[PDB]
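Chains as they are written, first to last, in PDB author numbering: chain F, 2 to 176, 186 to 198, 203 to 242, 253 to 262, 264 to 348; chain G, 6 to 201, 204 to 226, 233 to 260, 268 to 360; chain B, 1 to 237; chain A, 2 to 236.
Okay, structure first, notes after.
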Ligand SMILES: [Pt+2]
Ligand SMILES: [Pt+2]
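What follows is the structure in structure tokens.
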């Protein structure tokens with residue numbers, strides 16, 4: 002029942018550092034969502050909902066890391082207190098802590114499985130969406146203000162120089187131009207621009223449209239839809266399920282790998298001894314993300330380098346455990 | 006004799022952390038380089054964004070982080086070895102220690118402004134200009150994108166911009182004081198000659216009156238390189254940003277967010293003292309490094325998140341940069357006034 | 001009646017000869033000490049006998065069987081007990097819990113006989129009142145008796161003790177020296193490596209003294225104090 | 002000179018580690034503050050040093066009050082705290098390590114201070130370790146550099162924290178002789194080490210505190226024969 006003590010400690014650490022890792026990841030996810038709010042010219046209404054949209058995408062790295070580092074901290078802190086070396090002084094096996102890690106690795110591997118079969122594709126469904134009613138239909142929430150607004154593909158581009166939304170300027174639009191002074195907008203949706211001029215004279219012989227001070231409207235607000253290789257009996261394989270299943274495989278590889286990476290080095294430097302064990306995870310995850318480049322999903326299938334290093338690393342995970 | 010000992014021990018560990026943190030982002034900004042490799046180079050761009058892009062890593066990101074973790078861990082080993090209590094048991098003041106930590110600050114903030122204004126946009130721009138072997142994008146290169154402009158109240162569109170100083174397209178919309186088109190110009194290549204932008208094959212289609220449809224086919234304050242901003246990077250010189258500021269505020273944040281860097285480096289060192297004299301209670305290297313690594317990120321957050329988060333009220337960049345970087349010091353002065 | 005013997009033992013770290021040719025013996029129901037200068041021989045040669053520090057030369061024997069291969073791992077199965085100086089009590093484990101959780105590791109005992117051995121260990125060391133109380137919530141002497149009782153819950157002889165006299169309180173050492181003799185009374189071997197020779201040689205029957213690596217003194221403590229060469233490098237009375 | 006302490010008291014979580022203790026130590030007289038683990042002895046020593054703040058105490062030197070003054074202030078007066086471990090300034094030469102303390106000393110002239118460094122070198126037999134750093138020094142040769150470096154601060158009282166910290170009986174006689182060498186000069190040493198046999202081998206008088214209150218005081222023989230300490234400490 003000494004296993005029950007070992008798993009009680011990892012629940013105290015993993016389920017606490019998981020909360021801490023959520024916050025670090027949340028911040029970096031908030032950086033890029035803030036980055037797109039200025040440079041990418043994306044609305045502010047979907048900022049907080051996109052933060053929540055990426056939490057099952059974030060969990061891909063926090064879940065195999067929390068079980069890895071939680072185990073690294075606990076075994077390390079129990080090693081220092083001499084509890085780990087006294088567990089072995091009174092009989093026991095090195096497999097006691099491997100058993101304890103693997104018995105709590107199934108708990109996390111199951112949550113990683115929900116984050117793959119259910120949570121994984123749900124985010125992908127709303128990431129293809131990016132909220133169509135807000136992306137394809139830019140309204141008052143879009144607000145150009147002193148800068149351009151590139152839309153569609155190079156042609157559509159609005160340019161405003163407004164006070165609040167009562168006295169606009171420049172307009173432009175292009176899609186071969188249209189420049190207006192005063193203007194207003196009120197969604198349900204019409205661009206009631208007062209003084210202005212129109213144009214569409216491409217050549218010296220080609221036609222050209224013109225306008226003046228009238229309250230133009232053009233009631234437009236077309237709510238665009240989603241458009242506007254998997255299992256396979258045979259041992260198909262390889264198209265991103267090489268990664269989608271590897272992030273659940275990582276829950277069990279790091280659990281076995283770090284057990285003797287926390288009880289053989291902290292005699293030297295309490296936290297400097299965590300550095301070699303941690304560095305290994307980094308290179309591993311840096312290469313798995315790098316293998317996910319030579320033709321990703323669907324048609325182009327990735328060559329077995331992802332599962333090749335997953336076994337080369339499992340060979341490394343058993344190597345130190347036999348010592 | 007002891008003054009230079011504190012100054013050395015703290016300084017060298019800041020250089021240890023600077024080379025420690027930048028190398029990790031350096032090995033990372035090389036694996037993403039092999040993610041985007043096979044367009045015309047692999048080793049050329051591999052080192053073209055590694056040795057070249059190494060300099061803008063420090064000043065802009067990992068200088069205040071090393072000015073904290075390194076400064077804190079520099080005193081943390083002195084406290085662990087218990088040399089710090091000996092200095093006191095000799096007669097060397099708490100303030101004498103703080104003096105030597107801040108004495109190494111000024112020659113270290115000098116280093117930030119020098120390779121932050123001169124060598125940082127150098128290693129930044131030249132790393133992006135070396136991205137010529139790899140096509141599809143901005144800079145002096147162009148593929149499937151249309152370069153836009155504004156020359157006061159005027160407007161310009163370029164179909165494709167090339168390094169040959171020629172612009173394949175061009176369409177100046179010369180506007181009048183009431184914003185009414187007077188030219189729909191088109192050039193096969195409108196080149197540049199010393200002061201003027205050469206107007207090759209002019210098509211000044213006047214519309215000074217609504218009836219006025221004059222079509223004059225023949226052959233102002235148009236910016237040359239002062240207009241070439243590329244994929245809108247902001248990561249360039251304080252000088253290079255200031256001139257552009259006169260030419268709506270995302271660039272204005274970075275010209276202040278680049279001048280807070282020297283003070284932040286000094287503030288982090290003031291906070292390393294606020295922590296080495298505050299939470300001391302024989303705490304091990306582990307607890308000293310976890311708060312050393314956390315307070316760097318806490319302060320990364322106030323810059324990368326709270327910095328752009330000033331877009332909300334549209335509160336001036338001074339309050340968005342020179343103040344969330346001063347909030348760091350406000351905790352520092354609090355720590356030093358509570359314990360002492 | 002079991003025997004623990006170390007023959008021709010030696011070790012060198014990176015290049016420096018930590019311990020050279022040295023041999024020792026410890027039989028059941030006695031107190032055997034392992035002293036000498038700081039780092040020179042003792043402690044460094046003690047962990048080789050325990051099984052932590054690796055063996056370079058020689059052999060270690062238990063119950064007339066070879067164990068020089070066997071590390072800290074399964075040395076405790078026949079008759080190896082180890083009590084480190086450091087507070088190695090199980091923090092979030094109750095007195096009855098941490099005692100039994102290490103006793104159920106030993107398969108050579110009945111499911112309810114482990115409870116009968118626990119309540120026996122509760123009376124032998126007087127920990128009955130602490131049965132429910134959690135670890136690390138015990139005093140120096142309280143934690144000490146829990147560590148001894150817990151390590152004994154595997155029936156091991158030759159109880160190897162690293163610096164048993166940590167809290168040098170002249171009143172506290174008397175009771176610690178008395179329970180060490182109780183381990184001798186129960187017919188179990190006792191190995192000690194503590195710095196303080198004044199309290200170790202006070203309980204020892206025969207103590208080994210190792211300097212520079214090579215064994216120099218062995219036998220009754222009266223023969224040690226009278227020895228001239230041991231005065232030249234360690235005592236000097 | 003003299004060093005006094007009157008009605009010294011400190012509380013932690015209401016535990017009260019010290020409850021009314023009074024000890025005096027004169028220049029030349031080498032006293033020893035002893036007693037059980039954490040009973041008072043430990044904190045009382047550091048309260049006198051200035052690490053632990055008095056809650057009801059009174060730290061007086063010859064006549065001058067210091068119970069409010071910190072460690073860096075008391076040191077400039079004539080206090081010399083010496084820790085149990087090394088702290089010899091690893092990344093500093095022995096001569097420069099000695100000079101770094103003398104740098105602070107304003108009572109010594111530009112040359113007269115360099116002369117004290119040479120004086121301490123020949124005193125503590127460390128002239129052979131002049132240009133040597135400090136990263137590696139033998140137990141005996143290291144400790145004499147620490148005391149020399151401490152002496153560079155012109156002391157009146159030297160508070161030696163655990164001076165017999167894992168020292169073998171062959172080396173205790175040499176470490177004991179340093180205390181006897183300092184005793185010969187106008188210094189009042191205060192020892193607090195756990196090995197009572199060696200602390201009472203040097204000390205003239207000794208104060209012994211239990212649960213926070215002083216219980217025994219006097220010469221070693223007066224302590225050994227005392228009925229109270231023979232049951233709570235000595236055995
Ligand atoms: Pt450290
Ligand atoms: Pt006295």
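The beta-carbon is built from N, C-alpha and C at its ideal position, and this holds for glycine as well.
- Contact of residue 195(B) with chain A by beta-carbon distance below 7 Å involves 167.
- By the criterion of a C-beta distance shorter than 8 Å, residue 88(B) is surrounded in its chain by 147, once the five residues flanking it on both sides are discounted.
- In this structure, 74(G) is the residue among 74(G), 20(G) and 28(G) with its C-alpha nearest to the C-alpha of residue 306(G).
- A distance below 7 Å between beta-carbons, with the five flanking residues on each side excluded, links residue 131(F) to no residue of its chain.
- Excluding sequence positions up to five before and after residue 125(B), its CB lies within less than 6 Å of the CB of 145 and 149, all in the same chain and listed in chain order.
- As summarised for the region 100-125 of chain A, the continuous alpha helix (DSSP H) elements at least 4 residues long and confined to that stretch are 113-124, given in chain order.
- Taken in chain order, the complete alpha helix (DSSP H) segments of 4 residues or longer contained in the region 159-222 of chain A are 170-184 and 197-200.
- Using a CB distance cut-off of 9 Å, residue 90(A) counts as an interface residue toward chain G.
- In terms of side-chain proximity, the C-beta atom of residue 294(F) is found nearer than 8 Å to a non-hydrogen atom of ligand 1.
- Residue 141(G) and residue 50(G) do not touch by the CB rule: their CB atoms are close to 14 Å apart, not below 8 Å.
- Counting other Cβ atoms within 10 Å of its Cβ, residue 113(A) stays below 16 and is therefore classed as exposed.
- Here DSSP, grouped into helix, strand and coil, assigns residue 159(F) to strand.
- In the DSSP assignment, the residues bridged to residue 210(F) are 190(F).
- Looking at the DSSP output, residue 32(A) bridges to 191(A) and 206(A).
- Taking a Cβ-Cβ cut-off of 9 Å, the neighbours of residue 160(G) in chain F comprise 160, 171, 173, 187 and 189, given in sequence order.
- Proximity to residue 359(G) across 41(G), 298(G), 76(G) and 10(G) peaks at 298(G), based on C-alpha coordinates.
- When 7 Å is used as the limit between beta carbons, residue 84(B) is near no residue of chain A, the shortest such separation being about 17 Å.
- Taking a C-beta cut-off of 8 Å against chain G, none of the residues of the region 180-208 of chain A qualify.
- Between the alpha carbons of residue 16(F) and residue 284(F) lies a gap of roughly 18 Å.
- In this structure, the C-beta of residue 122(A) stays at least 8 Å away from each heavy atom of ligand 1.
- Listed in chain order, the non-local C-beta contacts of residue 320(F) below 7 Å within the same chain comprise 326 and 327, local neighbours out to five positions each way being set aside.
- Taking non-hydrogen atoms of ligand 2 into account, the C-beta of residue 203(A) is found less than 8 Å away from none of them.
- With the criterion set as a beta carbon lying under 7 Å from some beta carbon of chain G, the members of the region 293-311 of chain F are 295, 296 and 311, in sequence order.
- As far as DSSP is concerned, residue 110(G) takes part in no beta bridge.
- With respect to the 9 Å criterion, residue 187(F) and residue 230(F) are not classified as neighbours on the basis of their beta carbons.
- Of all residues in the region 49-80 of chain A, only 72, 73, 76 and 77 come within less than 7 Å of chain G when Cβ atoms are compared, listed by chain position.
- Straight-line spacing of the CA atoms in residue 353(G) and residue 294(G) works out to 7 Å.
- DSSP, read as helix, strand or coil, puts residue 142(A) in helix.
- Each of 116(F), 108(F), 324(F) and 151(F) was checked against the Cα of residue 270(F), and the nearest Cα belongs to 116(F).
- Scanning 184(A), 213(A) and 167(A) for the CA closest to the CA of residue 195(A) turns up 167(A).
- For residue 259(G), there are no neighbours in chain F by C-beta distance under 7 Å, as the nearest C-beta there is about 14 Å away.
- For residue 98(G), the residues of chain A that pass the 8 Å Cβ criterion are 73, in the order they occur in the chain.
- The C-alpha of residue 347(G) lies about 19 Å from the C-alpha of residue 64(G).
- For residue 109(F), the uninterrupted alpha helix (DSSP H) segment begins and ends at 96-118.
- Any heavy atom of ligand 2 within less than 5 Å of a residue's beta carbon puts that residue on the list, which reads 32(A) and 206(A).
- No Cβ of chain F is located within less than 9 Å of the beta carbon of residue 122(B).
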